[PDB]
Structures are given as C-alpha cells and as structure tokens.
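Numbering (mature numbering (1 follows the signal peptide of the UniProt record, and there is no 0)), first residue to last: 7 to 229.
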Ligand SMILES: [Ca+2]
C-alpha cells in the first residue's frame with residue numbers, strides 16, 4: 007500500500023498472508039475454513055497465515071494452516087484478469103477470536119462514492135521498493151464506472167471496479183494482490199491489478215465480489 011497508514015496489530019482480523027516460504031499475496035478469511043484471494047495469486051504449496059501483524063516476527067496471535075485445496079474461478083482469464091478470484095480451503099478450521107475473524111460477504115454491490123478499507127503488506131513506494139513488515143491500511147472510495155473506464159479504455163469488465171484517487175499518491179501495490187477491500191463491514195473487492203502504483207489517473211482495479219456470491223456459497227457448500 008502506498009500512502010497509507012500502519013493499521014495497528016490485529017485491527018483487520020480477516021486479513022491473511024499467503025506464504026510459500028515468503029509472503030506473496032493477501033487473502034480474506036470468509037469462514038473458519040475458507041479464504042478468498044485473487045486467482046493470479048494461485049500456486050501449489052500455499053500456507054495460510056492468520057492473525058499476523060509483523061510477518062517476520064511470531065508475535066503470539068498467529069495461526070499457520072496449510073491449504074487443502076485451491077479453486078480458481080472457472081472463467082479466470084489470466085490475459086485480461088477478468089474473474090480474478092480464487093477460494094482456498096484450509097486443512098483444519100481456524101480458531102476464531104477478536105483478532106482472527108471472518109469478514110461477511112455482501113448482499114448488495116457497493117456504489118461509487120462508498121469509502122472502503124484496503125490493506126496488505128505490499129510495496130510502499132511508487133518509485134522503487136520498500137516492503138513493510140507490519141500491516142498497512144488505506145481508506146479509499148469506489149470510483150464511478152465512467153471514471154474507471156476512462157482511466158483504462160477497453161480493459162474494465164463488469165467484474166471489476168476502480169477505487170482510489172485520480173490525483174494519485176495513494177494506492178495498493180505489489181504484494182497487496184488478493185487482499186481485501188471492505189466497505190461497511192462487507193468484503194466488496196479483491197486487490198487485483200493496476201498500472202504502476204499511485205500514478206495520476208491510474209487507480210487500482212479490484213475484483214467485484216458482489217458478482218461472485220453465488221459461486222462462493224455453492225462452492226463452499228460442496229467442497
Ligand atoms: Ca507475525
């Protein structure tokens with residue numbers, strides 16, 4: 007996250023770190039046994055890390071659980087990033103408490119102008135690289151579909167939304183992918199793609215979770 011603030015340890019209890027020997031993407035806990043992330047974050051041998059603040063120090067609230075199965079959306083297109091969503095089932099159920107909790111799925115799609123919270127351990131500079139050890143947060147509004155399409159002509163589908171600031175300076179960045187966009191207590195987006203980070207007229211692009219509720223519930227119910 008560029009231009010954000012330090013969340014504070016365990017203040018975003020549904021935030022997960024996906025680890026394959028190092029942190030590579032964020033995720034969101036949706037129930038005690040399932041995580042939602044970005045399909046572009048798919049790999050085999052994922053370890054889900056819950057209750058993290060500093061990803062380099064065992065502080066005492068972590069739960070490390072291996073994934074038992076991963077399911078990329080049936081229509082994921084890696085060239086266009088359309089349907090950039092995946093489900094990961096944990097080998098065992100996480101223990102839920104104040105610091106490890108699930109985020110609720112939306113019953114309605116959020117509108118342009120709604121303020122949301124975006125979080126992750128990604129790069130913090132738009133120029134060069136500096137990866138934080140502790141969870142970073144950014145409050146950003148959902149942009150109008152019109153704004154979004156004008157920033158990225160021919161690339162936004164109905165399963166994507168833009169969030170951020172057209173003036174630049176504040177955005178998600180590398181390593182934030184798969185992380186949550188929460189608006190009014192519901193998971194509305196997944197950090198998916200962008201052009202650079204925090205550049206003027208190039209806000210981050212997010213997977214629109216409200217379009218996938220049916221797929222998520224059906225999938226959880228049978229696996
Ligand atoms: Ca830790």
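All residues carry an ideal CB built from backbone N, CA and C; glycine is no exception.
Exercise. Which one of 101, 52, 55, 25 has the shortest CA to CA distance from residue 38?
Worked result: 101
Problem set entry | Which residues DSSP lists as bridging residue 168, in chain order | Looking at the DSSP assignment, residue 168 forms a beta bridge with 211.
Problem set entry | Expected contact under 8 Å - CB spacing of residue 184 and residue 44 to nearest Å | 4 Å
Exercise. Residue 173: buried (16+ other C-beta within 10 angstroms of its C-beta) or exposed?
Worked result: exposed
For this session: Quick one: which unbroken beta strand (DSSP E) runs of 3-plus residues sit fully inside the stretch 27-86? Chain order, please.
Result: 29-37, 40-43, 53-56, 69-78
Exercise. Across which residues does DSSP place residue 199 in a beta bridge pair?
Worked result: 211
For this session: Could you tell me whether any non-hydrogen atom of ligand 1 is closer than 7 Å to the CB of residue 59?
Result: yes
Problem set entry | Cβ-heavy atom distance, residue 63 to ligand 1, below 7 Å | yes
For this session: Using 7 Å as the cut-off, classify the Cβ of residue 173 as near or not near the heavy atoms of ligand 1, replying yes or no.
Result: no
For this session: Could you have a look at residue 99 and say whether DSSP puts it in helix, strand or coil?
Result: In the structure shown, the three-state DSSP call for residue 99 is coil.
Exercise. Can you name the start and end residues of the alpha helix (DSSP H) that residue 142 belongs to?
Worked result: Per DSSP, residue 142 belongs to no alpha helix (DSSP H); it is in the beta strand (DSSP E), 142-147.
For this session: My understanding is that residue 1 touches residue 167, with C-beta atoms under 8 Å, so please give their C-beta distance in whole angstroms.
Result: Coverage of the chain is limited to positions 7 through 229, which leaves residue 1 absent and any answer about it impossible.
Exercise. Do residue 134 and residue 182 have their C-beta atoms closer together than 8 Å?
Worked result: No, these two residues do not count as a Cβ contact at 8 Å.
Exercise. Taking the continuous beta strand (DSSP E) assigned at residue 162, which residues delimit it?
Worked result: In the DSSP assignment, residue 162 falls outside any beta strand (DSSP E) and carries neither an H nor an E.
Exercise. Are residue 201 and residue 90 touching if we call contact CB-CB under 8 Å?
Worked result: no
Exercise. Which stretch, first to last residue, makes up the beta strand (DSSP E) that contains residue 224?
Worked result: That residue, residue 224, is in no beta strand (DSSP E); its alpha helix (DSSP H) goes 219-228.
Exercise. Going straight from the alpha carbon of residue 169 to that of residue 8, what length do you get?
Worked result: Whole-angstrom Cα-Cα distance: 13 Å.
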